[PDB]
Amino acid sequence: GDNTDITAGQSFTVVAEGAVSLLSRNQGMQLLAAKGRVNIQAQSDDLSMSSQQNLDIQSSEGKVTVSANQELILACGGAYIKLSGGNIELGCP
Amino acid sequence: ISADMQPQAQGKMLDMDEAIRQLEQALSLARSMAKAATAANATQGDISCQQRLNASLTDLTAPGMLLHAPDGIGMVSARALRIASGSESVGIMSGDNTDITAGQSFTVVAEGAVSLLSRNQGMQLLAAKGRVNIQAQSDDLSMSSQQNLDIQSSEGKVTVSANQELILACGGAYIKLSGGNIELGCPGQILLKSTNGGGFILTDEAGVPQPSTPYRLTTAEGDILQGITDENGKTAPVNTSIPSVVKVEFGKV
Amino acid sequence: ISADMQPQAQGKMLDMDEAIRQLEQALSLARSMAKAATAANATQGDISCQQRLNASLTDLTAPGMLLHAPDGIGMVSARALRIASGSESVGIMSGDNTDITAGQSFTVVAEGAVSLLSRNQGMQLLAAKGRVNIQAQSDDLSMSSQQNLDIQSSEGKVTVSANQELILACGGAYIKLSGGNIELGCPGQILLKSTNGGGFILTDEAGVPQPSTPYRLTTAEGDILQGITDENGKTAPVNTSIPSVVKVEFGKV
Amino acid sequence: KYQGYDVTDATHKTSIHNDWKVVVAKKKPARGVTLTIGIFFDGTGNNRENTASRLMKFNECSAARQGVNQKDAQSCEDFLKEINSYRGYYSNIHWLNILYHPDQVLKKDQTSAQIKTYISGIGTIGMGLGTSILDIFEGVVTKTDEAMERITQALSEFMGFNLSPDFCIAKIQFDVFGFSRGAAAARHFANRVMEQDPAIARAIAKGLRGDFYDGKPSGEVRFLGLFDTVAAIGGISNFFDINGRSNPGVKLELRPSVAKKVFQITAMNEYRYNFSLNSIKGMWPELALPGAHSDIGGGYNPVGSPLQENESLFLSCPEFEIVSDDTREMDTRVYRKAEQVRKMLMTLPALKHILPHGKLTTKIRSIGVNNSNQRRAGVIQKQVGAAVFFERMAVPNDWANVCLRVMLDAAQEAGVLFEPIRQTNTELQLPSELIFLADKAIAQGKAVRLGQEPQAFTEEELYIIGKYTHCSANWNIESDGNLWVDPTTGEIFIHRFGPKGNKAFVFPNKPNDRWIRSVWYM
């Protein structure tokens with residue numbers, strides 16, 4: 001009826017043969033690592049990270065490296081930057 | 001405590017053949033998934049203590065508590081419930097789903113790691129409302145995909161901001177925002193696109209060039225191009241490499 | 001319901017010292033983590049009801065159920081299990097791991113927040129197969145790091161789409177995609193790259209220019225320049241600031 | 001065949017014109033120096049074995065893999081503590097490394113040299129304890145890598161001793177010596193030199209700092225001195241946490257072109273389960289010599305030391321049983337089993353010469369059993385345990401020097417140059433009891449190195465040797481809190497988050513079945 005709190009003195013582990021699904025309905029989602037590396041991988045498939053409002057990717061003290069294998073596209077409002085082949089294409093209306 | 005029938009008290013007091021099958025099967029599942037987590041570089045569960053539990057609870061060789069019911073167990077209360085292991089692990093093993101439904105928040109605090117591994121059907125981390133916040137508050141963050149990775153704001157801004165370098169790399173090409181400079185390097189060309197032959201004429205032998213006539217060209221490779229002639233009977237331009245196009249027509253009067 | 005020995009029935013019917021230790025140890029762990037969840041700006045757990053449960057279960061001052069076993073409890077069944085608290089919280093505490101192993105799926109639906117805080121060893125959110133989907137379906141998404149952040153698609157495309165504005169910023173330099181325009185501003189220079197002194201004369205005193213001879217130059221600061229003389233006895237071009245380097249050789253005859 | 005350059009134009013300045021001055025040199029003919037690096041892979045030396053190595057011995061030797069449950073294993077520990085970690089002594093690899101003649105500065109016409117490097121033994125945490133046990137499991141190959149870095153720094157020191165050489169290294173040879181897992185590491189290294197490994201060439205080059213040497217780029221092995229090859233002491237096959245890791249790429253087979261001369265001594269009286277011999281018998285000269293594992297390799301403390309070897313050994317696994325308090329302890333199944341195995345051991349030819357130098361008895365234990373239910377029936381109960389015990393105080397370690405001298409003779413036959421053992425080496429001088437025997441053993445070594453079959457030791461000399469031979473195999477139980485072993489499957493589970501307060505029991509020195517040492521051939 002209230003919270004479901006899990007408190008582990010060691011790790012908290014989930015291995016699901018099918019899906020892992022976390023759905024917050026009203027107050028958002030905090031996936032925090034106070035220390036240690038956060039590793040989010042779709043090790044065999046797509047990764048989609050979506051937001052309706054503003055999306056903020058940030059490294060407060062280090063580098064941000066976005067890296068693609070076959071194509072890296074940044075798009076907004078007809079403008080696009082495409083890193084593809086060995087070419088950089090900046091197209092905008 | 002058992003909801004298992006031992007008709008007419010025929011058997012040992014502690015016959016737990018089905019309780020043991022449930023314990024064996026759960027540890028068997030926990031162990032196969034612990035191998036899957038290692039192969040996937042996830043944090044492994046504590047099989048060690050769940051392995052002693054099987055030892056302890058099987059025939060109650062150590063003072064534990066075995067609750068078994070062949071048709072399901074419900075532990076309900078209007079007030080708080082606590083499942084707590086003081087020195088070892090809590091293991092929630094499930095043949096089907098493990099579903100947590102919280103009327104308020106669902107929170108985890110692990111002194112070590114949090115690893116959610118999905119093996120076959122992916123991972124959905126959704127917030128129907130509220131802000132999603134993913135932080136490596138003191139370390140690296142890595143968001144990786146084998147196939148396409150898509151970051152999108154459907155109605156707002158996307159801001160990627162670094163402190164010392166912002167690199168976008170793909171296939172030798174890179175864009176590095178560093179120092180106070182911008183560096184666009186590539187082996188190929190940097191293209192700034194800031195701007196975003198042949199047919200027939202179906203004419204009567206008298207001379208009127210037959211407007212509004214449906215046509216369809218078949219180039220001599222296996223491509224087809226429908227259309228209608230227009231206002232002195234133009235055809236669509238064709239640009240197949242080196243063909244011999246063919247023509248047919250019909251129409252109304 | 002206690003698997004605790006009270007030999008010869010010496011003691012109170014409800015002596016639960018080890019059960020109370022387990023309740024106290026569980027609650028003090030849940031409270032340390034509430035402090036840690038606050039310090040990390042995670043959603044806090046419901047300590048109030050778990051603190052109220054300690055009061056109710058300690059000496060059973062309220063009609064609760066206390067199940068204690070010194071060597072582990074197994075709640076097993078072939079059918080479904082339910083741990084439900086109707087109006088308060090479900091607390092799962094562990095000294096070690098809390099392991100969930102779903103044979104199908106691990107589902108969590110929280111009406112409030114979903115919070116996962118790991119304190120020391122990071123967070124792994126892996127899908128070995130299937131698509132990973134992270135959405136703030138109605139709000140902001142913020143994914144941040146203190147140290148390096150890596151977004152990568154190892155075999156596919158990376159698409160970053162925004163609706164209003166896409167800003168990449170680092171150290172004053174920025175690339176903004178907005179309106180229908182691209183803007184590359186920076187305090188320094190914007191660099192587009194379609195890209196991305198001296199030796200010794202080892203000669204015989206008679207005149208043979210010593211082909212194929214080993215050498216290695218030792219600058220007068222502490223640098224080594226290994227190599228083998230080439231094409232009438234050249235060495236590698238040295239452009240250290242301005243030292244007086246030294247020469248050595250050997251070789252087969 | 002080699003020539004250097006009488007160089008006097010050895011400086012030039014740095015400019016903006018990028019000038020190339022000159023080097024005027026009349027050519028000097030350079031000495032072709034055959035340089036030998038003596039590689040000494042030790043077993044455990046004058047050290048303690050680390051936790052990760054001692055835990056590997058739980059594999060197949062857990063008390064649970066035997067019929068010894070956690071109560072009977074604690075009773076074994078109690079029964080041994082009622083009758084009466086271990087740091088060893090210097091091995092023969094230490095003394096061979098000491099006697100290996102090093103040459104710091106070459107002579108003006110010295111055409112052959114010898115430098116040496118010493119690689120330690122493999123076994124000398126909680127979360128990391130699994131990976132540390134993995135490190136011990138791969139220790140052979142990782143030790144050969146450490147041998148690469150050690151060869152680099154030994155060569156760097158040697159040539160830093162000879163600044164401005166006038167000589168050319170006309171060959172790089174190797175004299176690789178090993179003991180018991182450095183014997184495995186020695187065989188693996190000799191193979192890596194047979195395969196002409198690029199890492200060896202990189203090591204030689206990094207030590208020479210780009211200098212030239214004329215031979216096989218990865219060198220060649222002249223003499224392989226092995227002491228008792230034991231590729232693994234324990235294993236990981238039963239460790240749930242790490243048994244997935246496959247066997248390491250260890251190469252122990254010694255093909256006719258692996259070294260110019262190969263000679264191995266072996267322990268005739270080593271019978272432990274975990275110490276299974278990798279033999280080079282039939283293929284290369286191998287001398288079975290009386291003594292335990294470290295009576296061949298050396299790591300036993302001297303007969304006066306504080307770490308003196310006093311043997312208080314269970315020669316049978318202690319068996320317990322609860323009986324009536326009226327029952328005489330000698331009228332129990334456990335006592336009959338213990339006396340049966342004691343009579344078997346007195347008959348056993350494996351310990352034929354070791355037992356007469358100590359006391360072989362059957363120890364009997366009996367403690368009180370609290371059984372309140374049987375008390376009401378008038379039945380008081382006792383737990384009687386009985387095993388075969390062997391006392392032998394003050395075991396002398398002077399047989400290792402006999403094996404050391406046999407190795408020295410084998411190596412000196414291979415041309416290896418050793419400093420003789422002079423009376424300043426008091427640790428290596430033999431008791432007057434053993435002089436004739438050491439000479440006969442050296443003769444057996446040569447007879448094997450001549451392909452003959454050696455004149456075996458007679459029953460009187462073997463009885464004399466039994467005084468210096470240690471009984472390495474026993475059923476003395478040890479415990480650890482870093483593991484939990486499944487009582488049914490015997491699978492080992494490492495405690496990742498610190499000890500859970502339990503004790504996992506092991507018989508690390510457990511004798512092989514029927515007291516015949518496992519030998520693996522090739």
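Parameters and conventions
- Residues numbered from 1 in each chain as written, not as in the entry; some residues may be left out.
- Chains lettered and ligands numbered in written order.
- Part of a larger assembly, values for the part shown.
- Heavy atoms only, no water.
- Helix = DSSP H or I, 4+ residues; strand = E, 2+ residues; numbered from the N terminus.
- Buried < 20%, exposed > 50% of the residue type's maximum accessible area, 1.4 Å probe, protein only.
- Contact = heavy atoms within 4.5 Å.
- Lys, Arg positive; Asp, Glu negative; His and termini not counted.
- Charge placed at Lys NZ, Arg CZ, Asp CG, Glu CD.
- Areas by Shrake-Rupley, 256 points an atom, 1.4 Å probe, with all protein chains shown as cover.
- Pairing = 2+ DSSP bridges.
- Axes fitted to C-alpha atoms, helices over the stretch in contact; angles between N-to-C directions.
- Least-squares fit on C-alpha atoms.
- Polar contact = N/O pair within 3.5 Å; in protein donor to acceptor, adjacent residues only side chain to side chain.
- Parallel < 35°, antiparallel > 145°, perpendicular 65-115°, else oblique.
- Left-handed = near helix turned anticlockwise from the far one by under 90°.
- Disulfide = S-S within 2.5 Å.
- Buried area = accessible area lost by both parts, 1.4 Å probe.
- Salt bridge = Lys/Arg side-chain N within 4 Å of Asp/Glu carboxyl O.
- Nonpolar A, V, L, I, M, F, W, Y, C, P; charged D, E, K, R; others polar.
- Patch = residues over 30% accessible without salt bridge, like charges linked within 9 Å, V, L, I, M, F, W, Y side chains within 5 Å.
- Domains from an automatic or database assignment.
- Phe/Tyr/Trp six-rings, centres within 6.5 Å; stacked < 30°, edge-to-face > 60°.
- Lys NZ or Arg CZ within 6 Å of the ring centre and 35° of its normal.

Its PDB record attributes the structure to cryo-EM, giving the resolution as 2.6 Å.

Asker: Now, about the overall build of chain A: what can you tell me, with residues and values included?
Answerer: Along chain A, the regular secondary structure elements total 0 helices and 11 strands. Principal-axis analysis of the C-alpha atoms gives chain A an extent of 55 × 35 × 25 Å. By residue count, 63% of the 93 residues in chain A fall in the buried class. Contacts in chain A between residues far apart in sequence, at least 24 positions, make up 0% of those at least 6 positions apart. Averaging the positions of the 5 positive and the 9 negative side-chain charges in chain A gives two centres separated by 7 Å.

Asker: Quick rundown of the overall build of chain D? Include the residues and the values.
Answerer: Regarding its fold elements, chain D presents 13 helices and 18 strands. Each of the three principal axes of chain D carries a C-alpha extent, and together these read 110 × 60 × 40 Å. Burial status across chain D gives 57% buried among its 522 residues. Just so you have it, chain D exposes about 21,600 Å², and 52% of that area is on carbon and sulfur atoms. Each charge class in chain D was averaged separately, 61 positive and 57 negative side chains, and the resulting centres sit 2 Å apart.

Asker: Got a sec to walk through the sheet that holds strand β17 (residues 214-218) of chain B? Specific residues and values, please.
Answerer: All names here are of chain B. The strand order β18-β17-β19 describes an open sheet built from 3 strands, whose pairing is antiparallel. Looking at strand neighbours, the two that pair on one side only are β18 (224-228) and β19 (246-249), the edges of this open sheet. In this sheet, adjacent strand axes meet at a mean angle of 20° when their direction is disregarded.

Asker: Outline the relation of the copies chain C and chain B, listing residues and values.
Answerer: Laying chain C over chain B is done by rotating through 120° and shifting 0.0 Å along the axis; what remains is an RMSD of 0.4 Å. Such a combination of rotation and displacement between the chain copies is what one expects of a three-fold axis. Both copies present the same face, since 85% of the interface residues in chain C are matched by interface residues at the equivalent positions in chain B.

Asker: Explain the side chain of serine 51 of chain A to me, and be specific about the residues and the numbers.
Answerer: Relative to the elements of secondary structure, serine 51 of chain A occurs in strand β6 (residues 47-51). Here the side chain of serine 51 of chain A touches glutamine 53 of chain A through a polar contact of 2.7 Å, landing on its backbone oxygen. If sequence neighbours within four positions are ignored, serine 51 of chain A has contacts with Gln152, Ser153 and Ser154 of chain B together with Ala136, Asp139, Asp140 and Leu141 of chain C.

Asker: Can you explain the packing of helix α12 (residues 435-449) of chain D against helix α13 (residues 459-466) of chain D? Please cite residues and give values.
Answerer: Each pair of packed helices can be described by the angle between their axes along with the distance between the axes. All names here are of chain D. At a minimum axis separation of 11 Å, α12 and α13 run at an interaxial angle of 110°. By the criterion of interaxial angle, the relationship of α12 to α13 is roughly perpendicular. By crossing handedness, the relation of α12 to α13 is classed as left-handed. Of α13, the residues touching α12 (which contributes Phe436, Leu437 and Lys440) are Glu461, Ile464 and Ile465.

Asker: Describe the state of the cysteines, and please don't skip the residues or the numbers.
Answerer: Per the counting criterion, the structure on display carries 0 disulfides over all chains. Of all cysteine sulfurs, the one in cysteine 92 of chain A lies closest to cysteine 76 of chain A, which takes part in no disulfide; the gap is 11 Å. Free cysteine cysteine 76 of chain D: the closest other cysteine sulfur is in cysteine 317 of chain D, separated by 5.1 Å. Using a relative accessible area of 2% as the deciding quantity, one classes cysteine 76 of chain D as buried.

Asker: Break down the interface of chain A and chain C for me, citing the residues and quoting the values.
Answerer: Counting residues at the interface gives 84 residues for chain A and 101 residues for chain C. Across the chain A to chain C interface the summed buried area is about 7,400 Å²; carbon plus sulfur atoms make up 51%. The tally of links between chain A and chain C comes to 2 salt bridges. Here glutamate 111 of chain C ties to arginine 25 of chain A by a salt bridge, and the two come within 2.8 Å at their closest N and O atoms. Taken together, the links from chain A to chain C amount to 85 residue pairs in polar contact. When grouped by side-chain class, the residues that make up the side of chain A that touches chain C number 36 nonpolar, 36 polar and 12 charged.

Asker: Give a description of the packing of helix α5 (residues 139-161) of chain D against helix α7 (residues 198-208) of chain D that names residues and reports values.
Answerer: Residue and element names in this part refer to chain D. For the pair α5 and α7, the least separation of the axes is 7 Å and the interaxial angle reads 25°. When the axes of α5 and α7 are compared, the pair comes out roughly parallel. The chirality of how α5 crosses α7 is right-handed. Listed contacts from α7 to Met148, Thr152, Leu155, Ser156 and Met159 of α5 are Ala199, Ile200, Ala203, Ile204, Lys206, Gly207 and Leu208. Residues that form the contact of α5 with α7 fall into these classes: 8 nonpolar, 3 polar and 1 charged.

Asker: Which residues make up the side chain of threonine 7 of chain A, and what are the values?
Answerer: By the secondary structure assignment, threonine 7 of chain A is in strand β1 (residues 4-8). The residues contacting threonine 7 of chain A, other than those within four sequence positions of it, are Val109 of chain B together with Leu29, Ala30, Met33, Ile92, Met93, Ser94 and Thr98 of chain C.

Asker: How would you summarise the environment of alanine 19 of chain C if you had to cite specific residues and measurements?
Answerer: Residues and elements named next belong to chain C. For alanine 19, the position within the fold is in helix α1 (residues 17-39). Along the chain, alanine 19 and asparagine 148 lie 129 residues apart, while their C-alpha atoms are 46 Å from each other. Discounting residues that sit within four places of it in the chain, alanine 19 has contacts with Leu66 and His68.

Asker: Would you mind going over the environment of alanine 40 of chain B in detail, with residue names and values included?
Answerer: Residue placement: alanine 40 of chain B occurs in the loop between α1 (17-39) and α2 (47-57). Each C-alpha atom of the pair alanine 40 of chain B and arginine 119 of chain B lies 8.8 Å from the other, and the pair is 79 residues apart in sequence. Setting aside residues up to four positions removed in sequence, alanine 40 of chain B forms contacts with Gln43 of chain A, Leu117 of chain B together with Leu126 of chain C.

Asker: Quick one: what's the story with the interface of chain C and chain B, residue by residue and with numbers?
Answerer: Listed per partner, the contact involves 139 residues of chain C and 139 residues of chain B. The junction of chain C with chain B conceals about 11,200 Å² of combined surface from both sides, 53% of it contributed by carbon and sulfur atoms. When the buried area of chain C at its contact with chain B is split by residue, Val76, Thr101 and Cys170 of chain C rank highest and sum to 6% of it. Between chain C and chain B we count 5 salt bridges in total. Between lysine 157 of chain B and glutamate 165 of chain C there is a salt bridge; the shortest N-O distance is 3.3 Å. Scanning the region where chain C abuts chain B turns up 122 residue pairs in polar contact. Considering each element in turn, the side of chain C that touches chain B owes the most residues, 7 residues, to α1 of chain C. Pairing geometry for strand β1 (residues 65-68) of chain B and strand β1 (residues 73-76) of chain C, over 4 bridges, is parallel.

Asker: So what's going on with a nonpolar patch on the surface? Which residues, and what values?
Answerer: Residues and elements named next belong to chain B. A grouping of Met13, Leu14 and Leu60 is seen on the molecular surface, where their side chains present a nonpolar patch of about 310 Å² in accessible area. Looking at where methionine 13 falls in the secondary structure, it is placed in the segment before α1. Among the residues examined, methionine 13 registers a relative accessible area of 78% and is labelled exposed.

Asker: Please give an account of the domain arrangement of chain D that cites residues and values.
Answerer: Residue and element names in this part refer to chain D. Each assigned domain of chain D is listed with its residue range as follows: domain 1 (1-66 + 85-310 + 394-522) and domain 2 (67-84 + 311-393). The centre of domain 1, based on its C-alpha atoms, is set 39 Å off from the matching centre of domain 2. Taken residue by residue, the interface counts 29 residues in domain 1 and 27 residues in domain 2. Between domain 1 and domain 2 lies a buried interface of about 2,500 Å² when both sides are counted; carbon and sulfur atoms form 61% of it. Sorting the residues of domain 1 by area buried against domain 2 places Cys471, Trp475 and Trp515 first, and these three jointly supply 23% of that buried surface. The interface formed by domain 1 and domain 2 holds 2 salt bridges in total. Salt-bridge contacts for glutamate 459 lead to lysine 352; the nearest nitrogen and oxygen are separated by 3.8 Å. For the side of domain 1 that touches domain 2, the secondary-structure elements that each account for two or more residues are α13 and β17 (504-506). At 4 residues, α13 tops the list of elements feeding residues into the side of domain 1 that touches domain 2.

Asker: I'd love a proper account of unusual backbone geometry, names of residues and values included.
Answerer: You will see that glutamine 8 of chain B, though not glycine, has its phi angle at about 60°, which is positive. Note that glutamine 8 of chain B resides in the segment before α1. Even without a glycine there, the phi angle at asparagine 18 of chain D is positive, about 55°. A relative accessible area of 36% means that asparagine 18 of chain D is categorised as partly exposed.

Asker: Requested: an account of the packing of aromatic side chains, with residues and values cited.
Answerer: According to the stated counting rule, one finds 20 aromatic pairs over all chains in the structure shown. Ring plane angle 70° and centroid distance 6.1 Å describe the contact between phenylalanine 177 of chain D and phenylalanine 418 of chain D, whose orientation is recorded as edge-to-face. On the criterion of sequence distance, the pair formed by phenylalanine 177 of chain D in strand β5 (residues 167-178) and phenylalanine 418 of chain D in the loop between α11 (400-413) and α12 is long-range, its members being 241 residues apart. Across the pair, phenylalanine 418 of chain D and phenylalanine 177 of chain D agree in class, each one buried. Ring centres of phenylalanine 314 of chain D and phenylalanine 389 of chain D lie 5.2 Å apart, and the angle between their planes is 75°; on these two criteria the pair is classed as edge-to-face. In this pair, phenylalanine 314 of chain D is assigned in strand β10 (residues 311-314) and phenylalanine 389 of chain D in strand β13 (residues 381-392), connecting sequence segments 75 residues apart. Ring-pair connections join several aromatic residues into one group, and the members of that group are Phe40, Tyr100, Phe177, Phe223 and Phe418 of chain D. Just above the ring of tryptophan 484 of chain D sits the side chain of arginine 52 of chain B; from NZ or CZ to the centre is 5.7 Å. The ring centre of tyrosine 273 of chain D lies 4.1 Å from the NZ or CZ of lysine 510 of chain D, which sits over that ring.

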